[PDB]
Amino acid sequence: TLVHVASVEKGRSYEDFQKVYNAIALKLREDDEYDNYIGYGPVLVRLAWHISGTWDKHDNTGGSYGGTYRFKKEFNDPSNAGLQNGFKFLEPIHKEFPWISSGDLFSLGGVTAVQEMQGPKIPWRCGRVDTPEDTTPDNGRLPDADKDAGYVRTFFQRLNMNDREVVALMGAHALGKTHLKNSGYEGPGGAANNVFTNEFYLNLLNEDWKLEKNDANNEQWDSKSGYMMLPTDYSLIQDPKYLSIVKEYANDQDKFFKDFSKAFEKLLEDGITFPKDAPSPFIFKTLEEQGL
């Protein structure tokens, strides 16, 4: 398999990355109108996941390391429709801090978004290094939404995620919304879609879901409250193993936060070899903690 060794941007340390975090966090606060006042947090979380979710454990292709989303093949992946909004948000940040690698910037955008939306602290490591256009993974490595629990389980084995990690990661679907023009699905998953909570699990268990067709002729699960779940989301309450874990997170906010933090860091670091003398993971302070 390919080896990708983390290489710290020359001379940089925690303070440098905290400044980048702060610039992203301040722009998140500033650009509040986006997507009918949802703001950019959810799309930045999705971007960090999609740049990581191309990874294949079998040969170490894809993954966040190479920053390959910047290349046309990947940014034009139909699975990535709408993420251009996140990329455009990050452009002025990259211009201000041209020394940060693209993979570091995209992954840090996700960490910053989660924390600024009052989610768990996500430790983050620097050292992703931009790789050439020919290292861009082909389209088709990101998951389909119209599938069942068996599909989800098998899909995530490629990313070395187990049942607990899958169910934890999926809690991010509390955030933002599906947009018909991007993915052929429409609607939010709950009421608090720019604040990071365990609402995804509570809504799965507590809403009265009806299997309906949307205006793109795709099936999705809809509630009277105006929420929606993808078939792959709903599969987490159809499969008995996933259901137990859904119930656990619906009943323990802290446990969900801790497990999401671990799985999300792991997702963002898949494929990267960290030297034994690499810096420890950074835990950034939020703007609120800094009084900014």
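Each form is matched to the other, and the largest set of C-alpha atoms that superpose within 1.5 Å is called the rigid core. Residues carry their position along the shown sequence, with the first being 1.
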Exercise for review: Using RMS Cα distance over all structures and residues, flag whichever of 138-146 and 184-192 lies farther from this form in 8 other deposited structures of this protein after a core fit.
Suggested key: 184-192
Exercise for review: Would you tell me which stretch averages the higher CA B-factor in the PDB entry, 12-20 or 272-280?
Suggested key: 272-280
Study note, to complete from the structure: Between 30-38 and 258-266, the record assigns the higher mean Cα B factor to 30-38
Point to revise | Residue with highest C-alpha B-factor in the PDB entry, from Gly190, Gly119, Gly127, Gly110 | key: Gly190
Review point. In the PDB entry, which of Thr131, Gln157, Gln220, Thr197 has its C-alpha at the highest B-factor?
Key: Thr131
Study note, to complete from the structure: Of the three thirds of the chain ranked by Cα temperature factor, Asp56 occupies the middle
Point to revise | Ranked against its chain, the third holding the CA B-factor of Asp104 | key: lowest
Practice item. Comparing against every modelled residue in the chain, figure out the third that the C-alpha B-factor of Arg153 lands in (lowest, middle or highest). Key: lowest
**Study point:** Third of chain Cα B-factors occupied by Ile93
**Key:** highest
Review point. Considering only modelled residues of the same chain, in which third does the CA B-factor of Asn162 rank: lowest, middle or highest?
Key: lowest
